[PDB]
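Spelled out from the first residue to the last, the chains are:
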Amino acid sequence: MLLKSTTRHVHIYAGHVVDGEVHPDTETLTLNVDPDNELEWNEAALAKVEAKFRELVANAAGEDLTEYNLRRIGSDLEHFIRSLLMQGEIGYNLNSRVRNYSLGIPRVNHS
Amino acid sequence: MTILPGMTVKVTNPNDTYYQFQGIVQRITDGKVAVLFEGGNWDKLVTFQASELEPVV
Amino acid sequence: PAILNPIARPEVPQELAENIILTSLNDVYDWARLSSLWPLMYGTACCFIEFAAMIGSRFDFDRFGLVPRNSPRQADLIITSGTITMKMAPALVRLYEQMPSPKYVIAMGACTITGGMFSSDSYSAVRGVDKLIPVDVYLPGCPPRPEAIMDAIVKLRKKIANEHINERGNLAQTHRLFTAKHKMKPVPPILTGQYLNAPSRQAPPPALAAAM
Amino acid sequence: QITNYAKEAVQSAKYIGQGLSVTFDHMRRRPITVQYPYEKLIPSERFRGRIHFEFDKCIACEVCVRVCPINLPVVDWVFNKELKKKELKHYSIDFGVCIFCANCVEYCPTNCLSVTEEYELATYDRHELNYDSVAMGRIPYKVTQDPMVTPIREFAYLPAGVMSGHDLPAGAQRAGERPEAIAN
Amino acid sequence: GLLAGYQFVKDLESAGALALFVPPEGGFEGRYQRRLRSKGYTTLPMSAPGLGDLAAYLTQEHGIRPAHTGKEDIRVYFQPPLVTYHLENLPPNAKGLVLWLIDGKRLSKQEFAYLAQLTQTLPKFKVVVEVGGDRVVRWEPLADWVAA
Amino acid sequence: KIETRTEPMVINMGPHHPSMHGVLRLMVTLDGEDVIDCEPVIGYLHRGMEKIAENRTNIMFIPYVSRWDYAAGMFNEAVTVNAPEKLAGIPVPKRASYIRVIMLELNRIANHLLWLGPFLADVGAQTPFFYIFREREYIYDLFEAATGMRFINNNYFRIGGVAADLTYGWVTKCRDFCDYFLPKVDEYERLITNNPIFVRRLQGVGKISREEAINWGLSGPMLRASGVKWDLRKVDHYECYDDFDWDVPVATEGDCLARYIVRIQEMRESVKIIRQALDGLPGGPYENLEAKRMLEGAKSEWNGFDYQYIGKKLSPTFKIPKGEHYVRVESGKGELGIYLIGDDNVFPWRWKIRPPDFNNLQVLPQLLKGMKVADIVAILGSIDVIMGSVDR
Amino acid sequence: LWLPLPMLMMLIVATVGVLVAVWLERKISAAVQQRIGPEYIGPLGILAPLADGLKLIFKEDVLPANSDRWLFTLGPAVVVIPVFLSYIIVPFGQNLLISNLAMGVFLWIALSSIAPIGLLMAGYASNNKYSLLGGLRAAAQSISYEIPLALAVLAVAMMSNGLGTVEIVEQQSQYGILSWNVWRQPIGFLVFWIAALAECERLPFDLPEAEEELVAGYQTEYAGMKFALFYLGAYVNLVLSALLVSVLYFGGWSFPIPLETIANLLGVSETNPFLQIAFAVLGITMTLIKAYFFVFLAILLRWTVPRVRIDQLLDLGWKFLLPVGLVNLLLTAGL
Amino acid sequence: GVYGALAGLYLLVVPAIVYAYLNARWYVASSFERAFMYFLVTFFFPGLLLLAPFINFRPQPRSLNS
Ligand code: SF4
Ligand code: SF4
Ligand code: SF4
């Protein structure tokens, strides 16, 4: 069936990826953060969300396998990816062909 | 005649859709003047070319 | 810190050098893409009649070159025409993923920009389609006039001509994959394809048809 | 048989012949189309393009907010207890959230807010639609005063009798404001 | 005409504040922000009606007030000033940036000259205010346009 | 990879749906050629409209309402302002009553002109699609004159009447259009009634009898093509539609051919109500009414409680009074109704939209019982369906 | 590398022949809806066939997920090679012929039979359910309109005493317009013209899915350069079928003495430099004046008839066009 | 194929005349002139495709006499 949750920064699928063609499983969840490259990442914050991704799968490992629950995880990752930006950890990309700044504008801290 | 922000003008020229409406001027600019028409319900202001507008006493 | 939501500095130098000929053969690349971009025939809410009026006679759609193709494989442009809810949210990112790689979404209407009148209190509207797909040209108005949608295509043709031929490596998506194993209990699907011949319509149930 | 297929086919071999000359006679007609970047169509007198603002007229009373469908117009005001009146300092209407319903321009006694005619406002970034109080107070774009538009008129603004705005050398709207002031 | 060389790059470094008169259907404006951008100049295409008073937006930090929509308070987002913020990001191995303003025909005449007298007082920074329409794209300095 | 089995093949109609009535999803299943089951998956355009209405005043809600039946427009504003004007007893001036009838009959002409475009493309002829939107832009520019938008988002109906009176060259500009368009209603009738291929696509296709079409809950030209002759303008004596003579078009056959000729004769009958309402407008045209307010400016037969566009311009803090309601308006697709129950504050407690296109849709699985694949869209188009009214 | 001069001069007029028929589609079909057509590119739309095809090259021709790889790519290459090989028949001009094959209106019907395999190995390989339903339907439409089209050529080969396409158009060159084959075969020409229109034109084809019996046809999962072969390879057959109408029935390169007044679709004066080049290229290409009347007809006939469904599309080829194709052949014989 | 004598009569000098003819009488031409207009484009198309990006049919800027 391939239940999934496709937001802009988060693509949580229900199944493991075998060279592009995703096969739907019952055990695993694939996640790739920023398929479009809007935020320029680094070495640390690509490992920081694994402290939130593997937390949210483990903490919510008692509920059903619905796309309402794959969305309810993904709405917490994309609220952790924003908390990286408001802590100034990562930054927007500037090689990107679009420049809409979807997670708020750059602003200074306290005027 | 010079049109100051607050005079009551009306269009005179016949080759324009806003043909004889009168309204209050607002926000004169470097070469253009805008006239708040107040037509019926929603008051719509259209610019004009600082001429063609006979004021009303 | 110093700046909330900071901008990452470009450490790559962008050595985008060429001669006159390769920028003459880049003018042919950029002209042939802006002049014939084919829209997907997408429409959800009220701002499809505003865009379907542009296909017709009083405003010609196929005058800038826009022939509407009703499948995401042939088309490249997609005008986000109407409200996207929580359903039709993954049916639109599926419509965006299945397009050839120079896509150029434009937004349209106040509901795909911010969720116009459904920003204050609606329990299922994705407020703005930039939460789902990258938009090239925004377009407010409720609905936009069919003279104003052809304005946003005019702004979009200014965006295709900026595009460089050797910067085509960012036109392909990236792979930052991870994998975690869950312990969720799987459920059977709800909507199987039976409505009439379901064995719940043919007869009233017992213990309720007595007083019927 | 051999005496039917040349007579059971002329029943529709001549219906296309009276369908071909009908469609071929649509090519003789004049193409009714309004080319946008060269013949912009003049909007109506009541068309609601975008909002115009006057900074020294809105005394911070927020009836622009209380009749807004979504409580949009951001009124930043201090109480200003030194001169015994409340005065604002900012007024921002987020376009993109702004449907053009114009309830602010209806429920106002002091005639501050007002609608312009421009509609070709289609940017590259949504945060460039947050029009400031001096960015809403700019001049409208009038489609007549542009030396590339040949601005054709709308229906219900042509003279009575003609249903096209293309080949119209003169004329006006089909009624008068005051013909009957000196007559009756 | 058809084959454009690199005269638009040297005309912008000479005058400092250009004024493009492009056909009003677009598409042929942007072939000159590519020769500009191939020669190291970065380009920040803003919107001309969206910019408020250009003293408070380009060189000063401005409070962008978000849409509270009745379910928030009156927030103030103090964005950094655009020209000094987008110049500190760009390393000095490249040249400056330009402000390719689109729909520039709705700026007042005072704000044209402020975009003219700021590109000299600011080093390695230019503006290309696209204004008006014509049958063929042609340019001229903003110094001649405000006196026209 | 695909295999060729002997089971009934189930195909998904897709929510992409390249048509002009919105986004459905039909999991229809095939048995070679005749379909055997079909479930509609709707709700793709549910923006939460009954939850909005509990937190809005009335004058904040009239911009929201012309999005349910967004083909029509001000058929939905008529029901919303008729929820407290029929409950608080606010009297409507009779010139506004005849002004509403002109707008509601201009919408029904523009309603049937949006159904007819995609429907004739579904059953055959593809080139009259572009000659029909050309007839729709004349109704748009008439709405653009009086109201400030084309087809939706025109805050024109108020609780005390109508928003503002017409323009100057307006009544003589219907008389150009609504005496040019009426030769073309008789033109679209000859596409389907003649040419014996299109009647070989509509005779017996999607049939329903009278007693099941009343039992399933149907209104408008799905009910009247089942031989019922129930029209809510004649039944509920609603807003001076009883001051005119006109007929209710019935075709008692039931098939999809019966729904074409009702929806053609409701265009032609709407032009008759326009010509009698322009001639019966109590102050005449507005360019002649404001003159008579100038020559006799103290107090005349004019400047009455009628001969004006609104009774009293109401306050924005207008409390909907306490008591239930159900207000019926025969829309262009059926009967549209809201169920208002309000507390004495400025918000209602509940606003149950009864969509005219919701309850016409549930017969589509029953109509698609043994029908072929080639006439699936000719059933789906002939309900005058608009997703946005269904899904709300 | 194509050192034959006639073989390059034919490959250009088979390439510019497409861009005529693409541009003529977007201006005739925009005339009959009272709109402009594609302006703003070229002068008035002349670069709309160039720019629509040039953007198809610059797109990512990506595959679907689980698809056959060698038959996806070979899908369009079987539809378009035999309709490009069969331009070797058409002898436009008195002083021009690429190859005088001793048959060739039988080689054209032979090569046009391979195209149902190209719609089969593309409908199968794209690998969703709505392209097998659309591929098996598109293959079963070139099947039914092929026997009527091959019997229209049987009759005009009886009169011509051969299959050589020069010897056919030489039998109509003795009386100018009196001996065109349309006047002697008025019922075998409509059998040619309805069947040829039902194998390449856009009225009896399920690719615009406004009827929704399938999703978007068999070319649904195709993109990019592969889609350009299904799109700019459909007008290659519209031109060739319209050429062979104006070769078989209407006389190719045949017309009476041009010495007439100014009303001969030309300028004003008698002996100008403008009519000498409107004659000499007409003394090189006379058929593409005639061949761009049926391309003008087939575009105009698209908006004339309604979209006939596939249930009645194969109730036309088998049940009507084939029995009329038989009795035309006997009437062209003695009986 | 002629090298440069008869080729330039087809490719360049006569299609440059049609582009003057295409600009002047295209929208104001009659029902008979329009069908002849489509024939010269479908015949001189490899000539008219060469001088395609040199001529622009954009309308002349107005004078704003009001
Ligand atoms: S903002 Fe209004 S007009 Fe625009 S798509 Fe949404 S509902 Fe329709
Ligand atoms: S509605 Fe008018 S009076 Fe009230 S706050 Fe707004 S501008 Fe001021
Ligand atoms: S335009 Fe409409 S939505 Fe926007 S502030 Fe004014 S009344 Fe509110």
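Keep in mind that residues are numbered from 1 along each chain as the sequence reads, not by the entry's scheme, and that residues without coordinates are left out. Think of it this way: whatever chain is written first is A, whatever ligand is written first is 1, and the rest follow in order. The assembly from which these chains come is larger than what is shown, and the figures reported cover only the shown chains. With hydrogens and water excluded, all non-hydrogen atoms of the structure serve as input to the side-chain values. Residues with missing side-chain atoms are left out of burial classes, side-chain pairs and their counts.

**Digging into the overall build of chain G**
Secondary structure assignment for chain G yields 18 helices and zero strands. Pairs at least 24 residues apart make up 80% of the contacts formed inside chain G by residues separated by at least 6 positions. Per the convention used, a helix needs a DSSP run of H or I reaching at least four residues, while a strand needs a run of E reaching at least two, with both numbered from the N terminus. Only heavy atoms matter for contacts: two residues are in contact if any of them lie within 4.5 Å across the pair.

**Considerations on the overall build of chain C**
Of regular secondary structure, chain C possesses four helices and seven strands. Taken from N to C terminus, the helices and strands of chain C fall in the order β-α-β-α-β-α-β-β-α-β-β. Once the C-alpha set of chain C is aligned to its principal axes, its extents read approximately 90 × 55 × 35 Å. The long-range fraction of contacts in chain C, counting pairs at least 24 apart against all pairs at least 6 apart in sequence, stands at 76%.

**Quick look at the pairing of strand β2 (residues 22-26) of chain B**
All names here are of chain B. At least two bridges found by DSSP between two strands is the condition for calling them paired. When strand β1 (residues 8-11) meets β2, the two strands line up antiparallel, connected through three bridges. When the bridges of β2 are listed, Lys 10 appears paired with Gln 22. Strand direction decides the pairing type here: β2 and strand β3 (residues 33-36), joined by three bridges, are antiparallel. Paired with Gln 26 across the bridge in β3 is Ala 34. Between β2 and β3, which pair antiparallel one after the other, the connecting turn spans six residues, and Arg 27 there sits at a positive phi close to 60 degrees.

**Some remarks on the interface of chain C and chain A**
Between chain C and chain A, the contact holds 42 residues from the first and 57 residues from the second. Joining two parts hides part of their accessible area as seen by a 1.4 Å probe, and the buried area is that hidden amount summed over both. For the pair chain C and chain A, the two sides together bury roughly 4700 Å², of which 55% comes from carbon and sulfur. Three residues, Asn 5, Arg 176 and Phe 178 of chain C, lead the burial of chain C against chain A; their summed loss comes to 17% of the area buried on that side. For this analysis, a salt bridge means a side-chain nitrogen from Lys or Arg found within 4 Å of a carboxyl oxygen belonging to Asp or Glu. Here chain C and chain A share zero salt bridges between them. Polar contacts, as used here, are pairs of N or O atoms within 3.5 Å; protein pairs need one atom able to donate a hydrogen and one able to accept it. Residues neighboring in sequence count only if both atoms are side-chain atoms. Taken together, the connections running from chain C to chain A amount to 21 residue pairs in polar contact. Of all elements in the fold, only β1 (3-4), α3 (90-97), β6 (177-181) and β7 (185-186) of chain C reach the threshold of two or more residues within the side of chain C that touches chain A. Residues are sorted three ways: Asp, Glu, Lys and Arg are charged, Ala, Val, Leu, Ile, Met, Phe, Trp, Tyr, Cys and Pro are nonpolar, and all the rest, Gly among them, are polar. Here the side of chain C that touches chain A is composed, by residue class, of 25 nonpolar, seven polar and 10 charged.

**Things to note about the interface of chain E and chain C**
Listed per partner, the contact involves 24 residues of chain E and 28 residues of chain C. Among the elements of the structure, α2 (32-38) and α4 (82-89) of chain E are those that each provide at least two residues to the side of chain E that touches chain C. Residue contributions to the side of chain E that touches chain C peak at five residues, all from α2 of chain E. Classifying every residue of the side of chain E that touches chain C by side-chain character gives eight nonpolar, seven polar and nine charged.

**A few points about the sheet that holds strand β2 (residues 26-31) of chain F**
Residues and elements named next belong to chain F. On the basis of which strands lie adjacent, the open sheet formed by three strands has the order β1-β2-β3 and antiparallel pairing. Sheet topology places β1 (9-12) and β3 (34-40) at the edges, where each strand pairs with a single neighbour. Direction aside, the axes of adjacent strands within the sheet are offset by 20 degrees on average. Of the strand pairs in this sheet, β1 and β2 are connected by four bridges, and their pairing is antiparallel. If you follow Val 10 over to β2, its bridge partner there is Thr 29. The axes used here are C-alpha line fits, helices contributing only the stretch in contact, and every angle between their N-to-C directions lies in the interval 0 to 180 degrees.

**Describing the packing of helix α10 (residues 147-160) of chain G against helix α18 (residues 310-332) of chain G**
Residue and element names in this part refer to chain G. Put simply, α10 and α18 touch, their axes get as near as 9 Å, and they point 10 degrees apart. Judged by the angle between their axes, α10 and α18 are roughly parallel. Each of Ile 147, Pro 148, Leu 151, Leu 154, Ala 155, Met 158 and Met 159 in α10 lies in contact with α18, whose residues at this interface are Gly 317, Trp 318, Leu 321, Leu 322, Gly 325, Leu 326, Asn 328, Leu 329 and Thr 332. Taken together, the residues that form the contact of α10 with α18 break down as 12 nonpolar, four polar and no charged. Working rule for angles: under 35 degrees goes down as roughly parallel, over 145 as roughly antiparallel, 65 to 115 as roughly perpendicular, anything else as oblique.

**A few points about the site of ligand 3**
In the neighbourhood of ligand 3, the contacting residues comprise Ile 51, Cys 68, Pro 69, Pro 73, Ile 93, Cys 98, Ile 99, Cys 101, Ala 102, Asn 103 and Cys 104 of chain D. Across the shell around ligand 3, the residue classes tally to 10 nonpolar, one polar and no charged. What makes a residue near a molecule or strand is one non-hydrogen atom of that residue sitting within 4 Å of it.

**Points about the sheet that holds strand β1 (residues 17-21) of chain E**
Strand pairing in a sheet relies on backbone hydrogen bonds, with the paired strands running either antiparallel or parallel. All names here are of chain E. Taken in spatial order, the five strands make up an open sheet running β2-β5-β6-β1-β7, and their pairing is mixed. Edge positions in the sheet fall to β2 (42-43) and β7 (138-141), since each has one partner strand and no second. Where strand β5 (residues 97-99) meets strand β6 (residues 125-128), three bridges bridge the pair, whose relative direction is parallel. By the bridge assignment for β6, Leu 99 is matched with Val 127.

**Regarding the site of ligand 1**
In the region of ligand 1, the neighbouring residues are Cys 46, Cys 47, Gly 82, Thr 83, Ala 110, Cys 111, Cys 142 and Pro 143 of chain C together with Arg 67 and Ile 152 of chain F. Close to ligand 1, residues of chains C and F are found. Residue composition of the shell around ligand 1, by class: seven nonpolar, two polar and one charged.

**Here we look at the pattern of salt bridges**
Evaluated as defined, the whole model comprises 57 salt bridges over all chains. Across the salt bridge formed by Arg 35 of chain G and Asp 60 of chain C, the nearest N and O atoms sit 2.7 Å from each other. Here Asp 60 of chain C lies in the loop between α2 (49-55) and β3 (77-81) and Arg 35 of chain G lies in the loop between α2 (16-31) and α3 (48-57), a pairing that spans two chains. Whether a residue is buried, partly exposed or exposed follows from its accessible area with a 1.4 Å probe, protein chains only, as a fraction of its type maximum: under 20%, in between, or over 50%, in that order. Residue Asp 60 of chain C is classed as buried on the basis of its relative accessible area of 0%. One salt bridge connects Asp 151 of chain C with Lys 155 of chain C, and the closest N-O pair in it is separated by 3.5 Å. Of this pair, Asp 151 of chain C and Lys 155 of chain C both sit in helix α4 (residues 146-160), four residues apart, roughly one helical turn. What makes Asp 151 of chain C buried here is its relative accessible area of 4%.

**Describing the side chain of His 62 of chain E**
Along the chain, the position of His 62 of chain E falls in strand β3 (residues 62-64). Among the polar contacts made by the side chain of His 62 of chain E, one reaches the side chain of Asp 132 of chain D at a distance of 2.6 Å. Not counting the four nearest positions on each side in its chain, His 62 of chain E is found in contact with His 90 and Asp 132 of chain D together with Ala 56, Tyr 57, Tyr 77, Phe 78 and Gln 79 of chain E.

**Brief notes about the packing of α2 of chain G against helix α15 (residues 235-248) of chain G**
Residue and element names in this part refer to chain G. Two numbers describe how α2 lies on α15: the axes approach to 9 Å, and their chain directions differ by 100 degrees. Considering their axes alone, α2 and α15 lie roughly perpendicular with respect to each other. The residues of α15 that touch α2, namely those facing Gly 17, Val 18, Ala 21, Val 22 and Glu 25, are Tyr 235, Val 236 and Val 239. Across the contact of α2 with α15, the residue classes tally to six nonpolar, one polar and one charged.

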